[PDB]
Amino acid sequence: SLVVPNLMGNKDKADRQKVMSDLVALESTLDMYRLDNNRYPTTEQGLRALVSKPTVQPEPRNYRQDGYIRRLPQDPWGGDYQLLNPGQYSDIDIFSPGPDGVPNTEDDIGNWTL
């Protein structure tokens, strides 16, 4: 006879699920980039490197003319996914900035929680 409140918790789980789905897709795309080019994008090159060839070194040596992804997704709050090379927890840390929209805050939802 006691229903635990879950309105926002349920919203949070749905939002986290979209973020994780985006992160998984990005990781797969980053792996295709690495299979071709033998490294992941640098922090400067970023996730944008998956769309078209970066304009800074290290220049990928086997970059598909079509790139690795058609478009970069945004997170559920309209924010941009972030990339750090080298990662603290993985080869590459990839994360949504979360609700607050600021990279590297407590709000970040990252691939280290996959």
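All residue numbers refer to positions in the sequence shown, first residue = 1.
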item	value
Selected stretch [higher average CA B-factor]: 12 to 20 or 99 to 107	99 to 107
Greater mean Cα temperature factor according to the PDB record, 24 to 32 or 51 to 59	51 to 59
Maximum C-alpha temperature factor, selected from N38, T43, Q74, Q88	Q74
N6, C-alpha B-factor rank within chain (lowest, middle or highest third)	lowest
